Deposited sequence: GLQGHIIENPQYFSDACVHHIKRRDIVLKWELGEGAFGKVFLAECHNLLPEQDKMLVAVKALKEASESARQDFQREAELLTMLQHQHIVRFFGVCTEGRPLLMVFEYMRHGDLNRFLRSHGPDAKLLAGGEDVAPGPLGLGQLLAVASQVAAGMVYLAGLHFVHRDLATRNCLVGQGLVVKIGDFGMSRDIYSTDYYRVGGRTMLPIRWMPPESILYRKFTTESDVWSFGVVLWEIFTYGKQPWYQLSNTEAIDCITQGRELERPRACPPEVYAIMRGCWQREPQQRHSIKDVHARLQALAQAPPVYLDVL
């Protein structure tokens, strides 16, 4: 295929970062990858096992290459020469966004972030970048089907990027409802038409962003954490909706409710939601203090 390739001798593994059921991730040095950077760090996902998995690897590499954008996960290329098959990603300091949110919550500094909880303007900065990525995917008419903070990485300078990780099914297994045997539905992020009728569209993606907007202002709490999976399915289908968090100002909770309209056709577009959040994010301290 028309993906970029990387020679094994340029890659040098340092240590393991994480281990899913279908993939290990390592930190590694990569030589001669970029022009200005002779020696840079990278994340290296190694494929596990099977003849069926070799095809899924192929599909990922193609999708990732053609769907590159400032706020989508950065992908350099593969290493086909000799097993195991490697995928080279850009290394992201702070890990996934859920972990980052939990570590800087109201439960009581650093290089990238001030001490204590994240500020209103900092929270809105994260919401805007995640929103910016969904405008790009909506534009090309690709549906994510599993948008959450656990599938968002954070880097140096608090740069946030959207992805889709198989490690999330192991680390955050509680966030999925198992069905059939090998299927896993993230019911707490899904709209009514997805749960009942099993239809996923761009409108079903906006609902999930509303739930992602709720995650951020709760500093990474699970939606409907008090309810079990079956209790949560009853709750969403019967039209009951999440509360406004303590950190969330009224103006921002209006944007969540905007995403949560029952009939899909009456929900707001992702472009208009981004417009509000980016405008709100870049607003001056005088405006945001009275917000």
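In sequence order, the deposited residues that have no C-alpha coordinates form the ranges 1-15, 65, 125-128.
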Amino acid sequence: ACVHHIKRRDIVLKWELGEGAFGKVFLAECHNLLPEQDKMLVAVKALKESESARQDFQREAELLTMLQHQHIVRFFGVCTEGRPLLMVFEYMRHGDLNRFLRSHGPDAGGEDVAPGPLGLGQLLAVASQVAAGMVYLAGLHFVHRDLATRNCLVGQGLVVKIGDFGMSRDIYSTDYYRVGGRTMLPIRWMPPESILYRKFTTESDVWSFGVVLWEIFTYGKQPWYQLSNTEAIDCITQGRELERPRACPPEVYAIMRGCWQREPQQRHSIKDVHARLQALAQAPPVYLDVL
From here on, numbers count along this sequence of modelled residues.
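Superpose the two forms; the largest set of C-alphas matching within 1.5 Å is the rigid core.
Taking the root mean square of CA deviations in 9 other deposited structures of this protein after fitting on the rigid core, 96-104 and 191-199 differ, and the farther of the two is 191-199.
When the other structures are laid on the shown form by the rigid core, the stretch among 80-88 and 203-211 with the greater C-alpha deviation in 9 other deposited structures of this protein turns out to be 80-88.
In all of the other compared structures of this protein with flanking residues present, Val159 is modelled, so it falls below the one-third mark for missing coordinates. Across the other PDB entries of this protein whose models span the neighbouring residues, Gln122 is modelled without exception, so it is unmodelled in far fewer than a third. Stretches 194-202 and 211-219 differ in mean C-alpha B factor, with the higher average recorded for 194-202.
The stretch with the higher mean CA B factor, choosing between 244-252 and 35-43, is 35-43. Out of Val179, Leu120, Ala131, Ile162, it is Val179 whose C-alpha atom has the highest B-factor in the PDB entry. Going by the entry's values, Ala21 shows the largest Cα B-factor out of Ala21, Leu13, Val25, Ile270.
When the CA B factors of the chain's modelled residues are split into thirds, the value for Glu29 lands in the middle one. Sort the chain's modelled residues by C-alpha temperature factor and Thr149 lands in the lowest third, per the entry. Annotation for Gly109: C-alpha temperature factor in the highest third relative to the rest of the modelled chain, per the entry. Among the modelled residues of its chain, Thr183 has a C-alpha B-factor that falls in the highest third according to the deposited record. When the CA B factors of the chain's modelled residues are split into thirds, the value for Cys79 lands in the middle one.
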